[PDB]
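S.K.: Enclosed is the structure file protein-v6.cif (mmCIF, N, CA and C atoms).
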```cif
data_run
#
loop_
_atom_site.label_atom_id
_atom_site.label_comp_id
_atom_site.auth_asym_id
_atom_site.auth_seq_id
_atom_site.Cartn_x
_atom_site.Cartn_y
_atom_site.Cartn_z
N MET L 1 -100.79 35.98 -122.15
CA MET L 1 -99.71 35.98 -123.13
C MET L 1 -99.05 34.61 -123.21
N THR L 2 -99.55 33.76 -124.10
CA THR L 2 -99.00 32.42 -124.27
C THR L 2 -97.69 32.46 -125.05
N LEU L 3 -96.87 31.43 -124.86
CA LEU L 3 -95.59 31.34 -125.55
C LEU L 3 -95.70 30.49 -126.81
N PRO L 4 -94.72 30.65 -127.71
CA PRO L 4 -94.68 29.90 -128.97
C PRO L 4 -94.38 28.42 -128.76
N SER L 5 -93.91 28.08 -127.57
CA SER L 5 -93.58 26.70 -127.24
C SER L 5 -94.81 25.81 -127.33
N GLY L 6 -95.98 26.42 -127.18
CA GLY L 6 -97.22 25.67 -127.25
C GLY L 6 -97.90 25.54 -125.90
N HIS L 7 -97.11 25.62 -124.83
CA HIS L 7 -97.64 25.52 -123.48
C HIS L 7 -98.12 26.88 -122.97
N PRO L 8 -99.10 26.86 -122.06
CA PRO L 8 -99.67 28.08 -121.48
C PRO L 8 -98.68 28.79 -120.56
N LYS L 9 -98.52 30.09 -120.76
CA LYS L 9 -97.61 30.88 -119.95
C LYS L 9 -98.07 30.91 -118.49
N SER L 10 -99.36 30.70 -118.28
CA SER L 10 -99.93 30.70 -116.94
C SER L 10 -99.44 29.50 -116.14
N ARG L 11 -99.35 28.35 -116.81
CA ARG L 11 -98.90 27.13 -116.16
C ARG L 11 -97.38 27.12 -116.01
N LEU L 12 -96.68 27.54 -117.06
CA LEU L 12 -95.23 27.58 -117.05
C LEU L 12 -94.72 28.46 -115.90
N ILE L 13 -95.27 29.66 -115.80
CA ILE L 13 -94.87 30.59 -114.75
C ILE L 13 -95.18 30.03 -113.37
N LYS L 14 -96.36 29.43 -113.23
CA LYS L 14 -96.78 28.85 -111.96
C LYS L 14 -95.89 27.66 -111.59
N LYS L 15 -95.51 26.88 -112.59
CA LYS L 15 -94.65 25.72 -112.37
C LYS L 15 -93.23 26.14 -112.03
N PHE L 16 -92.68 27.06 -112.83
CA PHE L 16 -91.33 27.55 -112.61
C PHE L 16 -91.19 28.18 -111.23
N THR L 17 -92.32 28.62 -110.67
CA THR L 17 -92.33 29.24 -109.36
C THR L 17 -91.94 28.24 -108.27
N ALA L 18 -92.10 26.96 -108.57
CA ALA L 18 -91.77 25.90 -107.62
C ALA L 18 -90.27 25.63 -107.61
N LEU L 19 -89.55 26.26 -108.53
CA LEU L 19 -88.10 26.09 -108.63
C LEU L 19 -87.37 27.29 -108.02
N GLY L 20 -88.13 28.21 -107.45
CA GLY L 20 -87.54 29.39 -106.84
C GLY L 20 -88.57 30.45 -106.51
N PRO L 21 -88.15 31.72 -106.54
CA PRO L 21 -89.02 32.86 -106.23
C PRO L 21 -90.08 33.08 -107.31
N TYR L 22 -91.05 33.93 -107.01
CA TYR L 22 -92.12 34.23 -107.96
C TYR L 22 -91.57 34.87 -109.23
N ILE L 23 -91.83 34.24 -110.37
CA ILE L 23 -91.36 34.75 -111.65
C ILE L 23 -92.16 35.97 -112.08
N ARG L 24 -91.48 36.94 -112.68
CA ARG L 24 -92.13 38.16 -113.14
C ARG L 24 -92.75 37.95 -114.52
N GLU L 25 -94.03 37.59 -114.54
CA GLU L 25 -94.73 37.36 -115.80
C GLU L 25 -95.54 38.59 -116.20
N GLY L 26 -95.30 39.08 -117.41
CA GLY L 26 -96.01 40.25 -117.89
C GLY L 26 -95.91 40.41 -119.40
N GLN L 27 -96.02 41.65 -119.87
CA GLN L 27 -95.94 41.93 -121.30
C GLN L 27 -94.50 42.14 -121.73
N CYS L 28 -94.17 41.67 -122.93
CA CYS L 28 -92.82 41.80 -123.46
C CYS L 28 -92.75 41.30 -124.90
N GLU L 29 -92.02 42.03 -125.74
CA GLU L 29 -91.88 41.67 -127.15
C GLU L 29 -91.15 40.34 -127.29
N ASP L 30 -90.12 40.14 -126.46
CA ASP L 30 -89.34 38.91 -126.50
C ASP L 30 -89.99 37.83 -125.65
N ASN L 31 -89.86 36.58 -126.08
CA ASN L 31 -90.44 35.45 -125.36
C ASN L 31 -89.36 34.66 -124.63
N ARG L 32 -88.93 35.18 -123.48
CA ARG L 32 -87.90 34.52 -122.68
C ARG L 32 -88.23 34.61 -121.20
N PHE L 33 -87.71 33.66 -120.42
CA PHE L 33 -87.95 33.62 -118.99
C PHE L 33 -86.70 34.06 -118.22
N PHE L 34 -86.78 35.23 -117.59
CA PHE L 34 -85.66 35.76 -116.82
C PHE L 34 -85.98 35.78 -115.33
N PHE L 35 -85.09 35.21 -114.53
CA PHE L 35 -85.28 35.16 -113.09
C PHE L 35 -84.13 35.86 -112.37
N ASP L 36 -84.45 36.48 -111.23
CA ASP L 36 -83.45 37.19 -110.45
C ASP L 36 -83.11 36.42 -109.18
N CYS L 37 -81.88 35.92 -109.10
CA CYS L 37 -81.43 35.16 -107.94
C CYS L 37 -80.46 35.98 -107.10
N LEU L 38 -80.55 35.81 -105.78
CA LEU L 38 -79.68 36.54 -104.86
C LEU L 38 -78.69 35.59 -104.19
N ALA L 39 -77.40 35.84 -104.41
CA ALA L 39 -76.36 35.01 -103.83
C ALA L 39 -75.70 35.72 -102.65
N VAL L 40 -74.97 36.79 -102.93
CA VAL L 40 -74.29 37.56 -101.90
C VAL L 40 -74.38 39.06 -102.17
N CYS L 41 -74.66 39.83 -101.13
CA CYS L 41 -74.77 41.28 -101.26
C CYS L 41 -73.39 41.92 -101.38
N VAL L 42 -73.32 43.02 -102.13
CA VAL L 42 -72.06 43.73 -102.32
C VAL L 42 -71.49 44.23 -101.00
N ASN L 43 -72.32 44.94 -100.24
CA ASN L 43 -71.90 45.47 -98.95
C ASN L 43 -72.92 45.13 -97.87
N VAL L 44 -72.51 45.28 -96.61
CA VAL L 44 -73.38 44.99 -95.48
C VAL L 44 -73.60 46.23 -94.62
N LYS L 45 -72.58 47.08 -94.55
CA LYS L 45 -72.65 48.30 -93.76
C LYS L 45 -73.90 49.11 -94.12
N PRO L 46 -74.01 49.48 -95.41
CA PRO L 46 -75.15 50.26 -95.91
C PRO L 46 -76.44 49.45 -95.93
N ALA L 47 -77.48 50.02 -96.53
CA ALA L 47 -78.77 49.35 -96.62
C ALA L 47 -78.79 48.35 -97.77
N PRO L 48 -79.73 47.39 -97.71
CA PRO L 48 -79.88 46.36 -98.74
C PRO L 48 -80.40 46.92 -100.05
N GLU L 49 -81.46 47.72 -99.97
CA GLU L 49 -82.06 48.32 -101.16
C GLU L 49 -81.15 49.40 -101.74
N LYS L 50 -80.25 49.92 -100.90
CA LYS L 50 -79.32 50.95 -101.33
C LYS L 50 -78.10 50.34 -102.01
N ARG L 51 -77.93 49.04 -101.85
CA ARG L 51 -76.80 48.33 -102.44
C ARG L 51 -77.28 47.23 -103.38
N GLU L 52 -76.41 46.80 -104.28
CA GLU L 52 -76.74 45.75 -105.24
C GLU L 52 -76.34 44.38 -104.70
N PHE L 53 -76.87 43.33 -105.32
CA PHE L 53 -76.57 41.96 -104.90
C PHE L 53 -76.04 41.14 -106.07
N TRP L 54 -75.26 40.11 -105.76
CA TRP L 54 -74.69 39.25 -106.78
C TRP L 54 -75.63 38.10 -107.12
N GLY L 55 -75.65 37.70 -108.38
CA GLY L 55 -76.51 36.61 -108.81
C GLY L 55 -76.59 36.50 -110.32
N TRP L 56 -76.43 35.28 -110.83
CA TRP L 56 -76.49 35.04 -112.27
C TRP L 56 -77.92 34.74 -112.71
N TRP L 57 -78.37 35.45 -113.74
CA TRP L 57 -79.72 35.26 -114.27
C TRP L 57 -79.77 34.08 -115.23
N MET L 58 -80.89 33.38 -115.24
CA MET L 58 -81.06 32.22 -116.12
C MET L 58 -82.13 32.50 -117.18
N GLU L 59 -81.70 32.58 -118.44
CA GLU L 59 -82.61 32.84 -119.54
C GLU L 59 -82.71 31.63 -120.46
N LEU L 60 -83.89 31.02 -120.50
CA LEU L 60 -84.12 29.85 -121.34
C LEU L 60 -85.19 30.13 -122.39
N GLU L 61 -85.14 29.39 -123.49
CA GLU L 61 -86.11 29.56 -124.57
C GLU L 61 -86.84 28.26 -124.85
N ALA L 62 -88.13 28.23 -124.53
CA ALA L 62 -88.95 27.04 -124.75
C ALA L 62 -89.05 26.72 -126.24
N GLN L 63 -88.48 25.59 -126.64
CA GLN L 63 -88.51 25.16 -128.03
C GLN L 63 -89.86 24.56 -128.39
N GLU L 64 -89.96 24.02 -129.60
CA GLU L 64 -91.20 23.41 -130.06
C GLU L 64 -91.68 22.34 -129.08
N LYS L 65 -90.90 21.28 -128.94
CA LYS L 65 -91.24 20.19 -128.03
C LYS L 65 -90.08 19.88 -127.09
N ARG L 66 -89.39 20.92 -126.65
CA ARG L 66 -88.25 20.76 -125.75
C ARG L 66 -87.90 22.08 -125.08
N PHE L 67 -86.98 22.02 -124.12
CA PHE L 67 -86.55 23.22 -123.40
C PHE L 67 -85.03 23.34 -123.41
N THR L 68 -84.55 24.58 -123.49
CA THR L 68 -83.11 24.84 -123.51
C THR L 68 -82.77 26.08 -122.70
N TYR L 69 -81.70 25.99 -121.91
CA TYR L 69 -81.27 27.10 -121.08
C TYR L 69 -79.81 27.45 -121.36
N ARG L 70 -79.35 28.55 -120.77
CA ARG L 70 -77.97 28.99 -120.95
C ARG L 70 -77.43 29.64 -119.68
N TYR L 71 -76.12 29.58 -119.50
CA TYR L 71 -75.48 30.16 -118.33
C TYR L 71 -75.06 31.60 -118.59
N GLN L 72 -75.63 32.53 -117.83
CA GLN L 72 -75.32 33.94 -117.97
C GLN L 72 -75.13 34.60 -116.61
N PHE L 73 -73.93 35.11 -116.37
CA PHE L 73 -73.61 35.77 -115.11
C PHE L 73 -73.83 37.27 -115.21
N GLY L 74 -74.02 37.92 -114.06
CA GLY L 74 -74.23 39.35 -114.04
C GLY L 74 -74.51 39.88 -112.64
N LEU L 75 -75.40 40.86 -112.55
CA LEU L 75 -75.74 41.45 -111.26
C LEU L 75 -77.22 41.85 -111.22
N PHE L 76 -77.83 41.72 -110.05
CA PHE L 76 -79.24 42.07 -109.88
C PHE L 76 -79.38 43.43 -109.22
N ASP L 77 -79.55 44.47 -110.03
CA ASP L 77 -79.70 45.83 -109.52
C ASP L 77 -81.08 46.02 -108.89
N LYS L 78 -81.27 47.16 -108.23
CA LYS L 78 -82.54 47.46 -107.59
C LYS L 78 -83.55 47.99 -108.60
N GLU L 79 -83.05 48.57 -109.69
CA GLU L 79 -83.91 49.11 -110.73
C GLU L 79 -84.46 48.00 -111.61
N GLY L 80 -83.94 46.79 -111.44
CA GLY L 80 -84.39 45.66 -112.23
C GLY L 80 -83.93 45.74 -113.67
N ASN L 81 -82.91 46.55 -113.92
CA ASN L 81 -82.38 46.72 -115.27
C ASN L 81 -81.15 45.84 -115.48
N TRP L 82 -80.84 45.57 -116.74
CA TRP L 82 -79.69 44.74 -117.08
C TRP L 82 -78.38 45.46 -116.75
N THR L 83 -77.57 44.84 -115.90
CA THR L 83 -76.29 45.42 -115.51
C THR L 83 -75.24 44.34 -115.29
N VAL L 84 -74.24 44.30 -116.17
CA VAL L 84 -73.17 43.32 -116.07
C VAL L 84 -71.95 43.91 -115.39
N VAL L 85 -71.55 43.31 -114.27
CA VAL L 85 -70.38 43.77 -113.52
C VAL L 85 -69.52 42.60 -113.07
N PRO L 86 -68.24 42.89 -112.80
CA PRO L 86 -67.28 41.87 -112.35
C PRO L 86 -67.57 41.38 -110.94
N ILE L 87 -67.23 40.13 -110.67
CA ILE L 87 -67.45 39.54 -109.36
C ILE L 87 -66.22 39.69 -108.47
N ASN L 88 -66.37 40.45 -107.39
CA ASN L 88 -65.28 40.67 -106.45
C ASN L 88 -65.23 39.58 -105.40
N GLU L 89 -64.03 39.32 -104.87
CA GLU L 89 -63.85 38.29 -103.85
C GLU L 89 -64.20 36.91 -104.40
N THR L 90 -63.18 36.12 -104.69
CA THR L 90 -63.37 34.77 -105.23
C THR L 90 -64.29 33.96 -104.33
N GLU L 91 -64.29 34.28 -103.04
CA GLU L 91 -65.13 33.57 -102.07
C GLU L 91 -66.59 33.57 -102.51
N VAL L 92 -67.02 34.67 -103.12
CA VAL L 92 -68.39 34.80 -103.59
C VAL L 92 -68.59 34.05 -104.91
N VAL L 93 -67.66 34.24 -105.84
CA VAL L 93 -67.73 33.58 -107.14
C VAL L 93 -67.93 32.08 -106.98
N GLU L 94 -67.35 31.52 -105.92
CA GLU L 94 -67.46 30.09 -105.66
C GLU L 94 -68.89 29.71 -105.32
N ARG L 95 -69.59 30.61 -104.64
CA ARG L 95 -70.98 30.37 -104.25
C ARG L 95 -71.88 30.29 -105.47
N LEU L 96 -71.58 31.11 -106.47
CA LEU L 96 -72.37 31.14 -107.70
C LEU L 96 -72.17 29.86 -108.51
N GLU L 97 -70.93 29.39 -108.56
CA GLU L 97 -70.61 28.17 -109.30
C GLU L 97 -71.37 26.97 -108.74
N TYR L 98 -71.50 26.94 -107.42
CA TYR L 98 -72.21 25.85 -106.75
C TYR L 98 -73.71 25.91 -107.04
N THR L 99 -74.29 27.08 -106.83
CA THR L 99 -75.72 27.28 -107.06
C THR L 99 -76.06 27.10 -108.54
N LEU L 100 -75.09 27.37 -109.40
CA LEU L 100 -75.29 27.24 -110.84
C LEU L 100 -75.69 25.81 -111.21
N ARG L 101 -74.95 24.84 -110.68
CA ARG L 101 -75.24 23.43 -110.95
C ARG L 101 -76.54 23.00 -110.29
N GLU L 102 -76.70 23.36 -109.01
CA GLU L 102 -77.90 23.01 -108.27
C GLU L 102 -79.15 23.56 -108.95
N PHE L 103 -78.98 24.68 -109.65
CA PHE L 103 -80.10 25.31 -110.36
C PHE L 103 -80.62 24.40 -111.47
N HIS L 104 -79.69 23.81 -112.22
CA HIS L 104 -80.06 22.92 -113.32
C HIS L 104 -80.66 21.62 -112.79
N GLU L 105 -80.18 21.18 -111.63
CA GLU L 105 -80.66 19.95 -111.02
C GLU L 105 -82.17 20.00 -110.81
N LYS L 106 -82.64 21.10 -110.22
CA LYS L 106 -84.06 21.28 -109.96
C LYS L 106 -84.82 21.59 -111.24
N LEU L 107 -84.15 22.29 -112.16
CA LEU L 107 -84.76 22.66 -113.43
C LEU L 107 -85.01 21.42 -114.29
N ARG L 108 -84.10 20.45 -114.20
CA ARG L 108 -84.23 19.22 -114.97
C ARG L 108 -85.43 18.40 -114.51
N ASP L 109 -85.59 18.30 -113.19
CA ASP L 109 -86.70 17.55 -112.62
C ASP L 109 -88.04 18.08 -113.13
N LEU L 110 -88.19 19.40 -113.12
CA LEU L 110 -89.42 20.03 -113.58
C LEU L 110 -89.70 19.68 -115.04
N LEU L 111 -88.70 19.88 -115.89
CA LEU L 111 -88.83 19.59 -117.32
C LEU L 111 -89.15 18.11 -117.54
N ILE L 112 -88.64 17.26 -116.66
CA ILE L 112 -88.87 15.83 -116.76
C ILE L 112 -90.35 15.50 -116.54
N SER L 113 -91.02 16.32 -115.74
CA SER L 113 -92.43 16.11 -115.45
C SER L 113 -93.29 16.37 -116.69
N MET L 114 -92.82 17.27 -117.55
CA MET L 114 -93.53 17.61 -118.77
C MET L 114 -92.98 16.82 -119.96
N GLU L 115 -91.92 16.06 -119.71
CA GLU L 115 -91.31 15.25 -120.76
C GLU L 115 -90.74 16.14 -121.87
N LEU L 116 -89.98 17.16 -121.47
CA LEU L 116 -89.38 18.08 -122.43
C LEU L 116 -87.90 17.78 -122.62
N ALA L 117 -87.47 17.73 -123.87
CA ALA L 117 -86.07 17.46 -124.19
C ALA L 117 -85.16 18.54 -123.62
N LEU L 118 -84.01 18.12 -123.11
CA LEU L 118 -83.04 19.06 -122.53
C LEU L 118 -81.70 18.96 -123.24
N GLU L 119 -81.05 20.11 -123.44
CA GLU L 119 -79.75 20.15 -124.10
C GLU L 119 -78.87 21.25 -123.51
N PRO L 120 -77.56 21.13 -123.73
CA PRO L 120 -76.58 22.10 -123.23
C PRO L 120 -76.68 23.45 -123.95
N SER L 121 -75.96 24.44 -123.44
CA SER L 121 -75.97 25.77 -124.02
C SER L 121 -75.03 25.85 -125.22
N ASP L 122 -75.54 26.36 -126.34
CA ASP L 122 -74.74 26.48 -127.55
C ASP L 122 -73.55 27.41 -127.33
N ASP L 123 -73.62 28.21 -126.27
CA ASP L 123 -72.55 29.15 -125.94
C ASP L 123 -71.38 28.42 -125.30
N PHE L 124 -71.58 27.15 -124.97
CA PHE L 124 -70.53 26.34 -124.35
C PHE L 124 -69.97 25.33 -125.34
N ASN L 125 -68.64 25.20 -125.35
CA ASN L 125 -67.97 24.27 -126.25
C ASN L 125 -67.09 23.30 -125.47
N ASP L 126 -67.72 22.35 -124.80
CA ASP L 126 -66.99 21.36 -124.02
C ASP L 126 -66.04 22.03 -123.03
N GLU L 127 -66.52 23.11 -122.41
CA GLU L 127 -65.71 23.85 -121.45
C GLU L 127 -66.58 24.39 -120.32
N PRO L 128 -67.10 23.48 -119.48
CA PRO L 128 -67.96 23.84 -118.35
C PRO L 128 -67.18 24.55 -117.24
N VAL L 129 -67.88 25.41 -116.50
CA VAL L 129 -67.25 26.16 -115.41
C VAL L 129 -66.56 25.22 -114.43
N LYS L 130 -65.47 25.69 -113.84
CA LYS L 130 -64.71 24.90 -112.88
C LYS L 130 -65.43 24.83 -111.54
N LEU L 131 -66.17 23.74 -111.32
CA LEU L 131 -66.91 23.55 -110.08
C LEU L 131 -65.96 23.22 -108.93
N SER L 132 -64.82 22.62 -109.25
CA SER L 132 -63.83 22.25 -108.25
C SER L 132 -62.64 23.20 -108.29
N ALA L 133 -62.90 24.49 -108.10
CA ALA L 133 -61.85 25.49 -108.12
C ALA L 133 -61.26 25.69 -106.73
#
```
Taking this structure as input, can you express it in the form of structure tokens?
M.R.:
Amino acid sequence: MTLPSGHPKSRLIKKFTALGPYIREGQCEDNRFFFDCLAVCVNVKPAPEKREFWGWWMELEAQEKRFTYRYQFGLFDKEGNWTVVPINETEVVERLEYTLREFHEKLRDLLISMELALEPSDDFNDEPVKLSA
């Protein structure tokens, strides 16, 4: 299943794998790359699979001759379904803000290897998250 970007989905998935965990490549009507990152677990007393974990998903859309991503926060359930919930304990929210930037740092390097244009998220209007909170 190749993407409209022009590049092979086999190479993109394999390459993106070097920026984190194994990407879930399969069949889907929409052409987007969604990754599940784990920052901090909700609880520790109970089991891991029995509890959910915190982590913002990164969904980017490969353009014609460039790449673009966006910042989207949420939660990584065990069912692998879309679930948006509030972040408890500011201590954790701070961890996401840090990893958020570091995520783009490694993502930029990869795109640089393919010489793909990079741009900010249209959802942002000169109002980046407070990294120094």
S.K.: Take the PyMOL selection byres ((chain L and resi 97-112) around 8), run it mentally on this structure, and tell me the resulting residues as a PyMOL selection string.
M.R.: chain L and resi 15-16+18-19+67+92-96+113-118+129-132
S.K.: When distances are computed from all atoms listed in the file, which of L:91, L:43, L:5, L:123 shows the smallest separation from residue 69 of chain L?
M.R.: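 Checking each of L:91, L:43, L:5, L:123 against residue 69 of chain L, counting all atoms listed in the file, the winner is L:123.
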S.K.: Measure the distance from atom N of residue 86 of chain L to atom CA of residue 26 of chain L in Å and round it to one decimal.
M.R.: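 These two atoms are separated by 28.4 Å.
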S.K.: List every residue of segment 2-80 of chain L that DSSP, applied to the backbone of this structure, assigns to strand (DSSP E or B), and report them as a list in words.
M.R.: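 Reading the DSSP output for segment 2-80 of chain L, strand (DSSP E or B) covers residues 33, 34, 35, 41, 53, 54, 58, 59, 60, 61, 62, 66, 67, 68, 71, 75 and 76 of chain L.
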S.K.: So which one's closest to residue 78 of chain L, L:25, L:11, L:48, L:2? Using only N, CA and C atoms, please.
M.R.: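 Of L:25, L:11, L:48, L:2, the one nearest residue 78 of chain L, counting only N, CA and C atoms, is L:48.
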S.K.: Point out the residue among L:12, L:84, L:60, L:37 with the least atom-to-atom distance to residue 122 of chain L, counting only C-alpha atoms.
M.R.: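 Distance minimum relative to residue 122 of chain L lands on L:60.
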S.K.: I want to know what sits within 6 Å of residue 56 of chain L, based on only C-alpha atoms, with residues of the same chain fewer than 3 positions away left out; could you give that as a VMD selection string?
M.R.: chain L and resid 72 to 74
S.K.: Using the selection just defined, write its residues with N, CA and C atoms as a compact mmCIF listing (two decimals), keeping the file's coordinate frame.
M.R.:
```txt
# COMPACT_ATOMS: atom_id res chain seq x y z
N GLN L 72 -75.63 32.53 -117.83
CA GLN L 72 -75.32 33.94 -117.97
C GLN L 72 -75.13 34.60 -116.61
N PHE L 73 -73.93 35.11 -116.37
CA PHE L 73 -73.61 35.77 -115.11
C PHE L 73 -73.83 37.27 -115.21
N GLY L 74 -74.02 37.92 -114.06
CA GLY L 74 -74.23 39.35 -114.04
C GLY L 74 -74.51 39.88 -112.64
```
S.K.: Atom CA of residue 87 of chain L to atom CA of residue 42 of chain L: how many Å, to one decimal?
M.R.: 9.4 Å
S.K.: What does the structure give for the distance between atom CA of residue 64 of chain L and atom CA of residue 21 of chain L, in Å to one decimal?
M.R.: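 So the two atoms, atom CA of residue 64 of chain L and atom CA of residue 21 of chain L, lie 25.7 Å apart.
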S.K.: Residues picked by the PyMOL selection byres (((chain L and resi 24 and name CA) around 10) and name CA) here, as a ChimeraX atom specification?
M.R.: /L:13,17,21-23,25-27,33-36
S.K.: Take the residues that were just selected and, keeping N, CA and C atoms, output them as a PDB file, keeping the file's coordinate frame.
M.R.:
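Final output, part.pdb:
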```
ATOM      1  N   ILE L  13     -95.270  29.660-115.800  1.00  0.00           N
ATOM      2  CA  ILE L  13     -94.870  30.590-114.750  1.00  0.00           C
ATOM      3  C   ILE L  13     -95.180  30.030-113.370  1.00  0.00           C
ATOM      4  N   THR L  17     -92.320  28.620-110.670  1.00  0.00           N
ATOM      5  CA  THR L  17     -92.330  29.240-109.360  1.00  0.00           C
ATOM      6  C   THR L  17     -91.940  28.240-108.270  1.00  0.00           C
ATOM      7  N   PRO L  21     -88.150  31.720-106.540  1.00  0.00           N
ATOM      8  CA  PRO L  21     -89.020  32.860-106.230  1.00  0.00           C
ATOM      9  C   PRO L  21     -90.080  33.080-107.310  1.00  0.00           C
ATOM     10  N   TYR L  22     -91.050  33.930-107.010  1.00  0.00           N
ATOM     11  CA  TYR L  22     -92.120  34.230-107.960  1.00  0.00           C
ATOM     12  C   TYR L  22     -91.570  34.870-109.230  1.00  0.00           C
ATOM     13  N   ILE L  23     -91.830  34.240-110.370  1.00  0.00           N
ATOM     14  CA  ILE L  23     -91.360  34.750-111.650  1.00  0.00           C
ATOM     15  C   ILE L  23     -92.160  35.970-112.080  1.00  0.00           C
ATOM     16  N   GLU L  25     -94.030  37.590-114.540  1.00  0.00           N
ATOM     17  CA  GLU L  25     -94.730  37.360-115.800  1.00  0.00           C
ATOM     18  C   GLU L  25     -95.540  38.590-116.200  1.00  0.00           C
ATOM     19  N   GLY L  26     -95.300  39.080-117.410  1.00  0.00           N
ATOM     20  CA  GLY L  26     -96.010  40.250-117.890  1.00  0.00           C
ATOM     21  C   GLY L  26     -95.910  40.410-119.400  1.00  0.00           C
ATOM     22  N   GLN L  27     -96.020  41.650-119.870  1.00  0.00           N
ATOM     23  CA  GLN L  27     -95.940  41.930-121.300  1.00  0.00           C
ATOM     24  C   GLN L  27     -94.500  42.140-121.730  1.00  0.00           C
ATOM     25  N   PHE L  33     -87.710  33.660-120.420  1.00  0.00           N
ATOM     26  CA  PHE L  33     -87.950  33.620-118.990  1.00  0.00           C
ATOM     27  C   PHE L  33     -86.700  34.060-118.220  1.00  0.00           C
ATOM     28  N   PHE L  34     -86.780  35.230-117.590  1.00  0.00           N
ATOM     29  CA  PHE L  34     -85.660  35.760-116.820  1.00  0.00           C
ATOM     30  C   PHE L  34     -85.980  35.780-115.330  1.00  0.00           C
ATOM     31  N   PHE L  35     -85.090  35.210-114.530  1.00  0.00           N
ATOM     32  CA  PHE L  35     -85.280  35.160-113.090  1.00  0.00           C
ATOM     33  C   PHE L  35     -84.130  35.860-112.370  1.00  0.00           C
ATOM     34  N   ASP L  36     -84.450  36.480-111.230  1.00  0.00           N
ATOM     35  CA  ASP L  36     -83.450  37.190-110.450  1.00  0.00           C
ATOM     36  C   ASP L  36     -83.110  36.420-109.180  1.00  0.00           C
TER      37      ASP L  36
END
```
S.K.: Near residue 3 of chain L, within 9 Å and counting only C-alpha atoms, which residues show up once chain neighbours fewer than 6 positions away are dropped, as a list in words?
M.R.: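 My list of contacting residues is residues 9, 31, 32 and 62 of chain L.
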S.K.: Would you pull segment 85-101 of chain L out of the block just shown and save N, CA and C atoms as a PDB file, in the first residue's frame?
M.R.:
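Contents of decode_3.pdb, freshly written:
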```
ATOM      1  N   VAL L  85      -8.376  12.177  26.592  1.00  0.00           N
ATOM      2  CA  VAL L  85      -8.642  12.422  28.005  1.00  0.00           C
ATOM      3  C   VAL L  85      -7.697  13.479  28.566  1.00  0.00           C
ATOM      4  N   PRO L  86      -8.111  14.116  29.671  1.00  0.00           N
ATOM      5  CA  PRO L  86      -7.316  15.156  30.330  1.00  0.00           C
ATOM      6  C   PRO L  86      -6.070  14.593  31.005  1.00  0.00           C
ATOM      7  N   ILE L  87      -5.020  15.405  31.070  1.00  0.00           N
ATOM      8  CA  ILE L  87      -3.770  14.987  31.692  1.00  0.00           C
ATOM      9  C   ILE L  87      -3.725  15.388  33.162  1.00  0.00           C
ATOM     10  N   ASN L  88      -3.692  14.391  34.041  1.00  0.00           N
ATOM     11  CA  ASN L  88      -3.647  14.639  35.478  1.00  0.00           C
ATOM     12  C   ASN L  88      -2.208  14.809  35.954  1.00  0.00           C
ATOM     13  N   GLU L  89      -2.032  15.571  37.030  1.00  0.00           N
ATOM     14  CA  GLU L  89      -0.707  15.812  37.586  1.00  0.00           C
ATOM     15  C   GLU L  89       0.175  16.556  36.588  1.00  0.00           C
ATOM     16  N   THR L  90       0.371  17.849  36.829  1.00  0.00           N
ATOM     17  CA  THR L  90       1.192  18.674  35.951  1.00  0.00           C
ATOM     18  C   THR L  90       2.579  18.071  35.768  1.00  0.00           C
ATOM     19  N   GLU L  91       3.033  17.324  36.771  1.00  0.00           N
ATOM     20  CA  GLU L  91       4.345  16.692  36.718  1.00  0.00           C
ATOM     21  C   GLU L  91       4.490  15.845  35.457  1.00  0.00           C
ATOM     22  N   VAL L  92       3.397  15.207  35.049  1.00  0.00           N
ATOM     23  CA  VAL L  92       3.401  14.366  33.859  1.00  0.00           C
ATOM     24  C   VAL L  92       3.322  15.208  32.590  1.00  0.00           C
ATOM     25  N   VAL L  93       2.414  16.180  32.587  1.00  0.00           N
ATOM     26  CA  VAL L  93       2.238  17.058  31.437  1.00  0.00           C
ATOM     27  C   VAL L  93       3.564  17.672  31.007  1.00  0.00           C
ATOM     28  N   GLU L  94       4.437  17.924  31.979  1.00  0.00           N
ATOM     29  CA  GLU L  94       5.741  18.512  31.699  1.00  0.00           C
ATOM     30  C   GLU L  94       6.615  17.545  30.903  1.00  0.00           C
ATOM     31  N   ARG L  95       6.460  16.255  31.179  1.00  0.00           N
ATOM     32  CA  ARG L  95       7.235  15.228  30.492  1.00  0.00           C
ATOM     33  C   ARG L  95       6.859  15.162  29.015  1.00  0.00           C
ATOM     34  N   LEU L  96       5.580  15.374  28.725  1.00  0.00           N
ATOM     35  CA  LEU L  96       5.090  15.338  27.352  1.00  0.00           C
ATOM     36  C   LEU L  96       5.607  16.533  26.557  1.00  0.00           C
ATOM     37  N   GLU L  97       5.619  17.700  27.194  1.00  0.00           N
ATOM     38  CA  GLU L  97       6.091  18.918  26.545  1.00  0.00           C
ATOM     39  C   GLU L  97       7.548  18.778  26.119  1.00  0.00           C
ATOM     40  N   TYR L  98       8.343  18.121  26.957  1.00  0.00           N
ATOM     41  CA  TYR L  98       9.758  17.920  26.669  1.00  0.00           C
ATOM     42  C   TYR L  98       9.945  16.946  25.511  1.00  0.00           C
ATOM     43  N   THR L  99       9.289  15.793  25.603  1.00  0.00           N
ATOM     44  CA  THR L  99       9.383  14.775  24.564  1.00  0.00           C
ATOM     45  C   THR L  99       8.803  15.279  23.247  1.00  0.00           C
ATOM     46  N   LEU L 100       7.855  16.205  23.339  1.00  0.00           N
ATOM     47  CA  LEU L 100       7.220  16.770  22.154  1.00  0.00           C
ATOM     48  C   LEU L 100       8.254  17.421  21.240  1.00  0.00           C
ATOM     49  N   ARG L 101       9.117  18.243  21.825  1.00  0.00           N
ATOM     50  CA  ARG L 101      10.156  18.928  21.064  1.00  0.00           C
ATOM     51  C   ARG L 101      11.207  17.939  20.566  1.00  0.00           C
TER      52      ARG L 101
END
```
